[PDB]
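Below are two forms of the same protein chain, given as structure tokens: structure 1, then structure 2.
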Structure 1
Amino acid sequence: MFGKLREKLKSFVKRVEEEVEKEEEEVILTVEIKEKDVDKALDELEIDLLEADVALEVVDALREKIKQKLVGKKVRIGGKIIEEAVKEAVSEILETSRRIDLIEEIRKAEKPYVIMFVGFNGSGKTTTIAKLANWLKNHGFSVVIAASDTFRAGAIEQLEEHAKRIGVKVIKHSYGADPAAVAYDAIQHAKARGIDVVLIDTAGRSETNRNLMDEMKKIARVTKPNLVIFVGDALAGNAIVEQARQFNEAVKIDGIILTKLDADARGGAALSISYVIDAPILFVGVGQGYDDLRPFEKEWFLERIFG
């Protein structure tokens, strides 16, 4: 997992590690990292990362932060240190404008808390909504799901079977109905039951009459979501970022859930998407089980591309 990312960063380290070693050689208790050393290794890194599927802007940012961290620092003659700076850079690129803490922004929030999901078909949206509902239930929160994917045959029943498993109520209409009205209903429902949170499952493809971005706009306006979450399939690579970009201009994205990390041998998008969109990754999907969802933390990520 994130193997490719891990190996290209490890390659860069040992490479700078070699050209310092050489000065150690032309040798004075300490040694300094110079540009010449980095610039070249950095140039290789660029090409490596761009092959691991990291977005251009993120490779340019990493390069800046890595160079700054390395050039000038003195070392002792006779790895851990160089990797430290790289690790720092990665952390910082994973940092976002804002932070979100879900459990605390709901306890605080005036109920019901409305979360709207957006994403292209096959990204794990419905599954992810089922996982989050179960997660919020496990932490003392009452939740209900809106079946607003109304034009894809079977999606309502597909969601119904997910929600039975986890024992969550699904508010729906029927096939052919108005996606926004279903969600409006689910919200009105929760106001009356005094339910903590509503989650909205949404369409993932364009229809004869429709355009998906138009549809998400419509729903967003009717529902006034407290939070908009983009769901993207890690395996899809940089395509994930261009997808989020599209959704972000129709309806602003507040948070991200990436799925299928269990099968992501690359990691380039997971590293780049939070920076490109300026929204935090809140959870990651790591399987098809309803508990295969994990609150995201920089440490869990770094712990996976380094040690």
Structure 2
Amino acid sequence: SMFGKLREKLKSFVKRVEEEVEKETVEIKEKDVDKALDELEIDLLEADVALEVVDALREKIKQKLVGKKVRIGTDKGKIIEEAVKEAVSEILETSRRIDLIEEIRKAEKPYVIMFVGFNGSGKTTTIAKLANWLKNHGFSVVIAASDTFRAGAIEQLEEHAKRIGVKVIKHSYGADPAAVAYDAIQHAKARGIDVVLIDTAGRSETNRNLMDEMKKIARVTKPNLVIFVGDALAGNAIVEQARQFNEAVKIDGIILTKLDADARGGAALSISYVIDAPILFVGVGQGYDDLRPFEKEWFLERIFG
């Protein structure tokens, strides 16, 4: 339940190599892994795995399995499957990890966090849930409603924020996004508020280019942290989405929403490696505590079942 397509293709690679070892102590032949890896590349490409992740996986798996001897009679599966597990693990932990709580505590207040992402990414609810998480840890929070052309989205943010006791700074419909965020930062300075979260637009407006707007807000607010948020069910999209954003304003961390429904998993496996930024939180449900700090070992076990 989760990552089925990715898991099934990884298992099919283990079984192919195991066949070669059966027909065949014996040694695992490079020619045999090369062939099976060619089939795996086809499968992973169709499962939304980025090429550079496919290439890194080939490199790691080859280096781990070529030269290896299967003591005749033992359990092949686990030797081969152990190389694959290690390869996958290594591509997850490439990005330098970030301890949000320690970064905030040690920083001069307010710690300001800018969110980027396209509409449908789950950005607005993520911000409310993160505000709640921060408060449960003893931090005060204020939210800047800089998504100024979506009255509906702001109403929804306002309703979630009232419930958990965090203030939303907003101006009138169509206001300048950067002015709203700068306003929230001043308000936070005056009240000794620990963290400012910036809710941004997720689509261009008439003569207001999305990437240009993100650069302006970044220049105006000088964020401590830029977080990309992406919808895991949009497999064929999130990685290219994060590439565009990263190109306008460097991404520090990633949050993936609706991960519990992600039956594929190639994009989720790839994004951290490609963007070179750690996954900080995963959304795994519709309740507030359904935003969990990312746990590598939990992720790995969901991939391998």
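All residue numbers here follow the sequence of structure 1, with the first residue given the number 1. Here, rigid core means the biggest group of C-alpha atoms that superpose within 1.5 Å across both forms.
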Of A203, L102, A155, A133, which one's CA moves 2 Å or more between structure 1 and structure 2, core aligned?
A155
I166: how big is its Cα shift between structure 1 and structure 2, in Å, with the core superposed?
2.2
Following alignment on the rigid core, what Cα displacement (Å) is computed for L45 between structure 1 and structure 2?
0.5
Just grab the Cα shift of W300 between structure 1 and structure 2 for me, core aligned, in angstrom.
1.3
